Amino acid sequence: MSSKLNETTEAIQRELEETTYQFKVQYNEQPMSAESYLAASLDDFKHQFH
Amino acid sequence: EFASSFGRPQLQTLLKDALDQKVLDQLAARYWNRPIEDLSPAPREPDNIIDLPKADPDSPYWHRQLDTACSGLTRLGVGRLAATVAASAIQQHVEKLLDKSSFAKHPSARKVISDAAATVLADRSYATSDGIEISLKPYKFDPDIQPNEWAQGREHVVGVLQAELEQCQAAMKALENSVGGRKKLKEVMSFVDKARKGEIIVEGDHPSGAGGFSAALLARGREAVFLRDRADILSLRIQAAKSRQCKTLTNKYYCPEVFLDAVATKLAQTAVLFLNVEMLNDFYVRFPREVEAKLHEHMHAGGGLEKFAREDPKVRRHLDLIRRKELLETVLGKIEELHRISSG
Amino acid sequence: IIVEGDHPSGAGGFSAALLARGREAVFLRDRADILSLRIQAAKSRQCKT
């Protein structure tokens, strides 16, 4: 397991470095909670209706 | 003299060129035709470029089309493209200056210099790229074009689109001569065109031979008709780009070409500011010091200073003459010491 | 030249069936040519006797 530790570890880093650059190209890494989305939509619907 | 000559406008043109290559990739992959297959085509048909000038200004389709194009072009590694391109360029202009330099002979030493410039550029590459990405952040969100730049983007777009036009025409001519007689590729174009309309239908039971034409001859003909329809779309988008309606910017979603070129140019230039300060300047300060240290390390650790002299013919003759003169002087000095001994 | 017979359908470069249908065409050509020659040759005066 220890001997496989160095190879497995880098390979996780590889998958992560990829994910991070996909966060960078898609969405420009801007953070997002579901709440931050629902809040923005709800504040738009409340201005529209009133 | 070269560093007083290079400056900033050159990084201007080089970046701006690269970013043109980038605009063509975006404009095709979002707006124009694609490769061709056998089964007859889609209409498409809300996505026909031909009716763009007479399309509703509040079309959701075109709106999303230009917006995703621009967002994409900006959220590209423009920092790394800048850092590398200016890298190849500074490297290039260094390698050429060596060519004209006193260092044309002596390949060891020339390579030491060139690798020295390379290592300094490699060093500054990342911080230049980052800083460029942070400097471009504000134009990533709202790259607002001014009318003056929009005029600039129009004149540039006319040159870049027509050039791409000639490059489509040439790839064509190379397809023709590849396939054989131009008339044959006109025959396989007619088979592809007929299959693209309603005139003839082929079912796909034998994917080895369809019509009298090989499986690759047919692939090559599909690519041929593609090039041609792309050539037709380009010439039209050139005409509509010259059109009176594109004069103003206010119809930006009507003329994506000039828009995207303006964005490319503005980014190109602000990138070019930071890149001129950080990378280039760092290069001009660090490079002489690195040249000195690696030459000093090569010549003294390698003992190749003497070989450095041997490499040039003229100076080698110069140094060769002096040795015999030496050996004869030392001999006459031993003779003198003797004569001294034998007279008092 | 010598050709390969890779694409035997009709309508396209040079098909294997197009090629074959050429082969029979040239034949019907030469057989025609020799036929009308031989018609001339049977109509000559050298064939009268």
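As recorded in the PDB header, cryo-EM is the method behind this entry, and the stated resolution is 14.7 Å.

### Quick look at the packing of aromatic side chains
Residue and element names in this part refer to chain B. In the structure shown here, the tally under the stated rule is 8 aromatic pairs over all chains. With 5.3 Å between their ring centres and 25 degrees between their planes, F2 and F6 make a pair best called stacked. Here the residue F2 and the residue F6 both occupy positions in helix α1 (residues 2–6), the gap between them amounting to 4 residues, near one helical turn. No difference in accessibility class separates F2 from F6, as the two residues are buried.

### Some details on the interface of chain B and chain C
Taken together, the contact pairs 13 residues of chain B with 11 residues of chain C. Taken together, the two surfaces of chain B and chain C that pack against each other cover about 770 Å², and 55% of this comes from carbon and sulfur. Of all residues in chain B, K184, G212 and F213 of chain B give up the largest surface area on contact with chain C, accounting jointly for 48% of the area buried on that side. Scanning the region where chain B abuts chain C turns up 0 salt bridges. Connecting chain B to chain C are 6 residue pairs in polar contact. In terms of residue count, the dominant contributor to the side of chain B that touches chain C is helix α7 (residues 182–196) of chain B (4 residues).

### So, helix α3 (residues 60–74) of chain B
Given 3.6 residues per helical turn, the α-helix brings residues three or four places apart onto the same face. Residues and elements named next belong to chain B. With 15 residues, α3 should cover 21 Å at 1.5 Å per step; its first-to-last C-alpha distance of 21 Å lies within 8% of that length. Among all positions in α3, only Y61, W62, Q65, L66, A69, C70, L73 and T74 are buried. Elements in contact with the buried residues of α3: α2 (9–31), α4 (78–100), α5 (107–141) and α9 (256–302).

### Focus on the arrangement of the chains
Pairwise contact counts over the 2 pairs of chains in contact peak for chains B and C. Between chain A and chain C there is no contact, and the shortest C-alpha to C-alpha distance separating them is 44 Å.

### Considerations on the packing of α7 of chain B against helix α8 (residues 215–241) of chain B
All names here are of chain B. For the pair α7 and α8, the least separation of the axes is 9 Å and the interaxial angle reads 80 degrees. Classed by the angle they form, the pair α7 and α8 counts as roughly perpendicular. Where α7 abuts α8, its residues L185, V188, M189, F191, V192, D193 and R196 lie against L217, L218, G221, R222, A224, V225, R228 and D229. The class makeup of the residues in the contact of α7 with α8 is 9 nonpolar, 1 polar and 5 charged.

### Considerations on a nonpolar patch on the surface
Residue and element names in this part refer to chain B. Together, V331, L332 and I335 give the surface a local cluster of nonpolar side chains, amounting to about 290 Å² of exposed area. Residue position: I335 is located in helix α11 (residues 313–341). Taking relative accessible area as the criterion, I335 reaches 48% and is therefore assigned partly exposed.

### Considerations on the state of the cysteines
Residues and elements named next belong to chain B. A full pass over the atoms with the stated rule returns 1 disulfide over all chains. With a sulfur-sulfur separation of 2.0 Å, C246 is cross-linked through a disulfide to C255. Here the disulfide of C246 and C255 is left-handed, its torsion about the S-S bond being about -105 degrees. By relative accessible area, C255 is classed as buried at 1%.

### Notes on the packing of α4 of chain B against α5 of chain B
Residues and elements named next belong to chain B. The contact between α4 and α5 brings their axes to 8 Å, and the two run at 155 degrees. It follows that α4 is roughly antiparallel to α5 by the angle criterion. The handedness of the crossing between α4 and α5 comes out as right-handed. Contact residues: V78, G79, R80, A82, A83, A87, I90, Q91, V94, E95, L98 and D99 in α4; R110, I113, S114, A117, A118, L121, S125, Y126, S129, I132, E133 and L136 in α5.

### Some points on the UniProt feature "disulfide bond" in chain B
Between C246 of chain B and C255 of chain B, where UniProt places a disulfide, the sulfurs come within 2.0 Å of each other, which fits a bond. Both residues of the pair, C246 of chain B and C255 of chain B, count as buried.

Conventions we followed
- Residues numbered from 1 in each chain as written, not as in the entry; some residues may be left out.
- Chains lettered and ligands numbered in written order.
- Part of a larger assembly, values for the part shown.
- Heavy atoms only, no water.
- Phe/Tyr/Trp six-rings, centres within 6.5 Å; stacked < 30°, edge-to-face > 60°.
- Helix = DSSP H or I, 4+ residues; strand = E, 2+ residues; numbered from the N terminus.
- Buried < 20%, exposed > 50% of the residue type's maximum accessible area, 1.4 Å probe, protein only.
- Contact = heavy atoms within 4.5 Å.
- Buried area = accessible area lost by both parts, 1.4 Å probe.
- Salt bridge = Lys/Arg side-chain N within 4 Å of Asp/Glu carboxyl O.
- Polar contact = N/O pair within 3.5 Å; in protein donor to acceptor, adjacent residues only side chain to side chain.
- Expected span 1.5 Å × (residues − 1).
- Axes fitted to C-alpha atoms, helices over the stretch in contact; angles between N-to-C directions.
- Parallel < 35°, antiparallel > 145°, perpendicular 65-115°, else oblique.
- Nonpolar A, V, L, I, M, F, W, Y, C, P; charged D, E, K, R; others polar.
- Patch = residues over 30% accessible without salt bridge, like charges linked within 9 Å, V, L, I, M, F, W, Y side chains within 5 Å.
- Areas by Shrake-Rupley, 256 points an atom, 1.4 Å probe, with all protein chains shown as cover.
- Disulfide = S-S within 2.5 Å.
- Left-handed = near helix turned anticlockwise from the far one by under 90°.
- UniProt positions renumbered as here; feature names shortened; annotations may be inferred.

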